[PDB]
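Atoms considered below: every heavy atom in the structure, side chains included; atoms not considered: hydrogens, waters and symmetry mates. Letters A, B, ... are given to chains in the order of the sequence lines, protein chains preceding strands, and every chain is numbered from 1.
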Amino acid sequence: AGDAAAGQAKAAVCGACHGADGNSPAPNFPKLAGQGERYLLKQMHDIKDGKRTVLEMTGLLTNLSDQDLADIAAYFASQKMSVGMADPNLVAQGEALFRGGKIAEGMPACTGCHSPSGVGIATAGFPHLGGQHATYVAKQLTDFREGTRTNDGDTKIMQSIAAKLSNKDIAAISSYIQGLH
Amino acid sequence: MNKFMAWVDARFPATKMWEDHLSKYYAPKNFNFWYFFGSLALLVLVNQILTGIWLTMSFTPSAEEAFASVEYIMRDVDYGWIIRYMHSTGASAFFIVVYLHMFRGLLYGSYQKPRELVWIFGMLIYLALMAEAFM
Amino acid sequence: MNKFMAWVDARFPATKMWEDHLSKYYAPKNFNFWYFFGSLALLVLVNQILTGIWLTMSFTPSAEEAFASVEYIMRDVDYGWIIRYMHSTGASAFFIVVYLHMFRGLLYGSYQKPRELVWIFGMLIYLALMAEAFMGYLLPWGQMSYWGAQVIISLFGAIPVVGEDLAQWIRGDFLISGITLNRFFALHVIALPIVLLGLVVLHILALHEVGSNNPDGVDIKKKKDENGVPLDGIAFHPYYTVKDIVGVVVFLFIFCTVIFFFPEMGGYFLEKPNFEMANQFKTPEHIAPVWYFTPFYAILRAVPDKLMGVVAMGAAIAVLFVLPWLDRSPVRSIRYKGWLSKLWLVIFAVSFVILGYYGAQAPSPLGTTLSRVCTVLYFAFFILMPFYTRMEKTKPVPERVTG
Amino acid sequence: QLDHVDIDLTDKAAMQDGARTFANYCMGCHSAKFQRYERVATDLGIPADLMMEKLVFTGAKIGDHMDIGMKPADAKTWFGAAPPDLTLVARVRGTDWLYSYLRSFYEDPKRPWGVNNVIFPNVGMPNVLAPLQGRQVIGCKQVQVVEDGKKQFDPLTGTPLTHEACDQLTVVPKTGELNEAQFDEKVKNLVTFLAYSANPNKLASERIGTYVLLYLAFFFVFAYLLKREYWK
Amino acid sequence: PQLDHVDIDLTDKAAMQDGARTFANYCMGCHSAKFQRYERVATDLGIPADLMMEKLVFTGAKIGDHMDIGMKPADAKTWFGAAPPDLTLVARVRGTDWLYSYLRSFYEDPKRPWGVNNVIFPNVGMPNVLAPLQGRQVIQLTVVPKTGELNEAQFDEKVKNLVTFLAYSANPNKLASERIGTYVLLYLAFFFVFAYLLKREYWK
Amino acid sequence: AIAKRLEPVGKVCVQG
Amino acid sequence: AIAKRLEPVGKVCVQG
Amino acid sequence: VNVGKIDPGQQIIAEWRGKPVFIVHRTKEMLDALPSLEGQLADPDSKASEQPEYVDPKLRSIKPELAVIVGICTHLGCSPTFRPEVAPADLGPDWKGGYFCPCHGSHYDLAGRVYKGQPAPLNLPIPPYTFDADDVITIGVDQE
Ligand SMILES: COC1=C(OC)C(=O)C(C/C=C(\C)CC/C=C(\C)CC/C=C(\C)CC/C=C(\C)CC/C=C(\C)CC/C=C(\C)CC/C=C(/C)CC/C=C(\C)CC/C=C(\C)CCC=C(C)C)=C(C)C1=O
Ligand code: HEC
Ligand code: HEC
Ligand code: HEC
Ligand code: HEC
Ligand code: HEM
Ligand code: HEM
Ligand code: HEM
Ligand code: FES
């Protein structure tokens, strides 16, 4: 397990884009604060190994060892993700999709793997979603839908799930997640 | 066998029933064409029971699958089309034979005394057949 | 009405049948607790027929909807849960009543001359009942349903040459599937009910031909009064009709108690794993038969060899057919049989119960040892009957029934 | 070793809390498809509009079955095992098993989802109630001292006399919304709702059976008199 | 309306194969044949399984699958105003003569939603999907010259092959039915001779 | 009372 | 023979 | 199933009869290790298991390169996890690739032969399959 105390010092470079505590101010940068340590470590390893492509992080994790990554992930997991605000015109559809999914299309609700409050399951590696920037969440859902992001494993959990989301569905659910807590 | 039938007869009314109903049961010798239809109705009833049992092994009594299950009988079940045709043509033949049976009764007054109960049981059979065929 | 009955009697032997079968039909007057079970078997058969007809109004015999249709009966159909519990509890009670009926036959030597044909028709009824219950248990399409059917039909794969082809032909598919479900539903809902009704008719007709046994084994027909009525005989109607009414009320009290308070009966009348939908790819940790098939299962499990296990399980039921010729006792009732017969009946009952008890659980060392011992004893009760029924000394049967 | 739970099916508030827990934390992966929202509302005493607004998240009608969007095949691929329908799980496993299972999740890094279960070892279910219970681990904690069933309580305070044991489920402090008693009550309400769902006819069954048994005792009295008389 | 008679030959494997091709290409877009399987159609038409999969299975289904289509009945009913019925049994619902006259009776009718009407099926919701082959048919029905790939005789042959395939689909057992019935009737005449002789002998 | 008992877990913060 | 008889109607031009 | 495109040390999953069939392109080193694993298998010769009469008793496949095994663990019918790694940390040092059942920890070798003293009582099934061509197989029809 990582050390949050040392991760804080090791996470200073990251705070430029993700914010000092992991609550990024810009929508395109995801909030790392309060994210599951397992999920954060998996994402950082994937980006190191090219399993997930983040051009803005080219070479930032190459010089960080496994223990440094664990410490940074622990530090970010020790914070609290700030909660955004959902678009009133989209909150209804996004909430319906998040809580109920689509029975007809066979799309799962997001409340199972990601909690009803969107906190995810830290032990299982299911990422915290509630409060995450709507822009980033929509981008990730689109990337899963088009297969741009494939580091969700061979089971292709999120690729399969996002295949069933339209652009309007993606926007609405991202807006709802931005305000979810 | 003689010994086997002696054993059975001491324990079952086998020979006595056979000799009261089929053998030693003396029917009028002048039965004509119109008296074939009781036995034929019995045969058609047996055919309906057997073919319907075999259809029930492949029929799905649901609004979603009843028609599809009938076509499954017609196409996927080996000789299922034969059994289904036996069943439908057997319903039609059941009513043909039963109508000719009832008309024999009309022609020869077989409903009259002492056969009023025979006729009433026949009419109950006919009502049951109408309901069965409709369902 | 007198005039109406006179009109009917000229055209239908209604009074003649009534006076030949129920009234003026003189049964031994010393029937006891053990003679309630034929009428109770009739009641349970009627219950099964009625409740099954009503379940069929809502049941769907497809692998995609059978379990869902059963839950639809349990929840959506008005009082459908009552009918379903009546049917399940009635299958279990059918086997309880029939086993007590057969054990009455064993106790009083009621299979002996002249009731050999009665016993054979009763055994045909038992075979039909076992087939009916086995095919019904597949209908819910739960885990226990599917996997018990799978194993029971794989047994037909144990026949050395035609076993696999016969098993596939029975299944109608390369595995247990909705085809097997629909086929077993058709057999269970019409064919076997018709066979059972015909066999019950033949059974009762044979009995009425030869007359009933009694607990004392006394042939009451030997002693008759000046009217020809046996001295120890009383008209079945009304005396035994009212006695059977009392027995039916008691049975219904127990039956309704089970239905409305303990329908699962600790998981034996309705097995817990059967409340999970059939899964072709996950089998239960321990798959066991319904309790009323457990004894024979134990026998099959007691034989290390598969084909010999199937043969032994089949013979466990087939030997009861030849029972009337295995019993060489000069007396019928166990009350007047020698100590050997009483001891062996006790051994057979205990072995049957132990086989059922240990066939209901996963294999265990003590369980396996006792199952093998009880299989040996179960088969010895029949195999040694022609000998120990002769070696023993029997008491003199009284001329008149006791009581 | 299972833990006993006294489940009161006549408690409408407990069943309502259990239904809320099931609809929020469980219907994400588990269906209750053999059970309709309308019947659940009628039996739990929930107004139909309230049931629509609070427990139906899938856009289904009140009379619709409690179906979910997660298909069994998809979920089997994702989790390694299909989340079974939970309408009858109380009958399949029993209420004690469910009560012990939903409280026996503990962190296990060796496992695919980082957790294992004492009741259901190597279960494929993620610990979805971790936010409520908090982090539970196989560690050392105080357990009541027992010697051949000799269970020691404090005579004065009435609280158990405890000794340390290092193979026990311990919740890491300040890691979940609910304490041990609050999570116990949450799981009890959830298992009560599941028990109702498995056997929704239980209370009506008991009432009808009581009346049936009374009638049968009456009829038995009359039949017994008609038998003993007429047998003289 | 007055129908045109067509002599349907269910032993013509080539004609049934052409009809199956036409059904798969021009008709399975909106109509299912969901009560028959590709495997059985291939077996009865003499089509190899690989050839059937390559040439007639466009939905990605297996050879043993029902000839289902993507167009759901509800969506089609919304779009066309009427659901395109499953055509597996249409040759029994309507008869081959009715089908033959119907598929050749589409004419241009601007007042209709799809710009066409049908003499056999007035105000039908079918678009004239075979217009490319027949050409522009207008009202007595006449085809505008140089408007379709096929002439009157060629289009009649195409429709005849399609209707023959539909007739086979409605009754795939007809040939086996006749073959089995011949032997059954021969055996029944043979048994009748013996039964009649036995009755005559006993009734002396 | 029932409505409070049945409140959905997920709370969403909305603009305005 | 059968392959030609069953040729799909839709023909598609493909690069190269 | 077209099997010539499976690169060394990887498997595909076909679906036959509703069951998942693992088709593994067994490289050399694995086939060299398997003859050394007979000391840990309950049914190394597949005497009591289920397999065709035309597959080798030891490799349990028509040819050693290809391994066709119905991925259904004998104990409770769960799908084993494919672990071609030499000595995984959680499989122990004696591992030489194979199948690890995750539900109750049943182990099998790369030939589908169950390890000794595991919940799985029999080896993994070998479905009836044949080689229509060097690169394609048919799972469901016996080899001639
Ligand atoms: C764990 O696991 C285990 C358990 O589980 C959990 C167990 O429980 C058990 C323990 C198991 C038990 C003890 C349970 C036992 C249960 C059973 C016995 C179940 C067995 C049920 C089956 C498998 C069903 C098998 C059925 C078979 C094989 C019989 C098949 C019958 C047919 C298909 C019938 C064929 C149809 C026919 C003949 C058609 C009719 C013919 C005609 C000719 C009709 C008439 C036609 C005409 C009249 C036309 C011709 C006209 C004529 C004749 C000309 C003259 C005219 C005239 C009419 C005179 C074990 C061991 C186990 O380990
Ligand atoms: C409320 C939070 C929940 C309750 C109560 C239950 N679940 Fe789940 N669950 C999930 C999976 C993938 C499985 C299968 C695991 C395996 O088979 O190894 C399960 C299993 C159960 C069981 C066991 C039932 C049995 O008969 O063994 C019970 C009693 C159960 N679950 C109750 C997955 C999920 C899931 C996806 C993230 C959610 C949100 C829940 N389960 C929620 C609940
Ligand atoms: C700007 C130059 C960045 C700096 C400095 C760091 N990161 Fe970042 N990161 C950046 C972007 C634009 C994104 C989103 C990529 C996308 O697909 O849209 C990310 C993403 C991550 C993630 C994934 C978050 C999640 O999946 O929830 C992680 C875990 C992450 N980044 C970690 C991380 C660390 C440890 C950094 C310092 C070593 C760091 N980031 C710096 C942009 C930038
Ligand atoms: C969608 C563009 C269609 C295609 C392609 C084909 N058909 Fe069709 N058909 C379609 C509709 C919407 C309807 C219903 C019209 C109505 O008003 O009800 C139909 C109907 C038929 C029928 C009538 C069957 C009956 O009424 O019982 C037949 C016989 C028929 N269609 C045949 C047919 C053939 C042979 C096709 C390929 C040449 C074909 N259809 C294509 C829609 C569409
Ligand atoms: C079952 C398991 C599900 C369910 C039903 C949903 N998701 Fe989620 N999701 C899941 C996993 C295992 C992961 C991790 C992927 C990885 O390791 O790379 C995710 C991830 C996401 C993300 C990305 C989060 C981030 O980048 O910070 C998003 C935005 C996301 N999931 C959204 C989402 C939505 C909208 C869902 C309902 C439509 C949903 N998920 C369901 C696993 C699962
Ligand atoms: C007097 C006795 C019976 C008569 C007159 C009768 C009549 C009919 C008729 C007319 C049909 C409609 C068939 C069709 O149009 O396709 C039918 C259907 C059916 N019958 Fe009966 N029937 C009888 C007995 C039975 C029995 C005893 C069974 C089952 C044991 C049975 C099972 C079925 C089934 C499954 C169907 C639906 C499948 C089909 O339509 O072929 N029938 N019956
Ligand atoms: C001797 C007579 C019968 C016996 C012993 C018997 C036994 C059984 C048993 C044990 C089950 C399994 C029930 C369960 O566990 O859920 C069952 C199911 C069923 N039976 Fe029968 N049955 C008999 C007669 C009939 C008849 C005559 C019918 C219809 C005419 C019928 C219709 C059904 C149906 C529809 C089911 C499925 C629904 C259910 O499982 O409750 N049964 N039967
Ligand atoms: C399963 C449905 C059955 C029904 C409805 C039925 C019905 C009856 C009835 C009403 C009686 C007369 C009253 C009585 O003795 O209890 C009777 C007698 C008898 N039954 Fe059953 N029976 C059934 C099954 C069996 C079976 C399975 C056996 C034996 C294998 C059997 C063997 C006998 C014998 C031997 C008698 C006459 C014995 C005596 O007179 O003491 N029956 N049966
Ligand atoms: S599922 Fe493989 S050992 Fe149980």
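- Residues meeting the side-chain hydrogen bond (donor to acceptor under 3.5 Å, both in side chains) test with D:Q182, sequence neighbours left out: D:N179.
- Under 3.5 Å, the side chains of D:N127 and D:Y106 contain no donor-acceptor pair of N or O atoms.
- Neither the backbone nor the side chain of D:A19 has a heavy atom closer than 4.5 Å to any heavy atom of chain F.
- A salt bridge is absent between F:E7 and D:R20: the closest approach of a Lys/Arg side-chain nitrogen to an acidic carboxylate oxygen does not fall below 4.0 angstrom.
- The side chain to side chain donor-acceptor pair (under 3.5 Å) contacts involving residues 202-211 of chain D comprise nothing, where partners must be two or more places apart or lie in separate chains.
- In this structure, the side-chain contact (heavy atoms from CB on, under 4.5 Å) partners of D:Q144, at least two apart in sequence or on a different chain, are D:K151, D:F153, D:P160.
- Against chain F, the residues from residues 52-62 of chain D that qualify, each with a non-hydrogen atom under 4.5 angstrom away, are D:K54, D:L55, D:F57 in number order.
- D:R36 has no carboxylate O lying under 4.0 Å from a charged side-chain N of D:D64, or vice versa, which leaves the two without a salt bridge.
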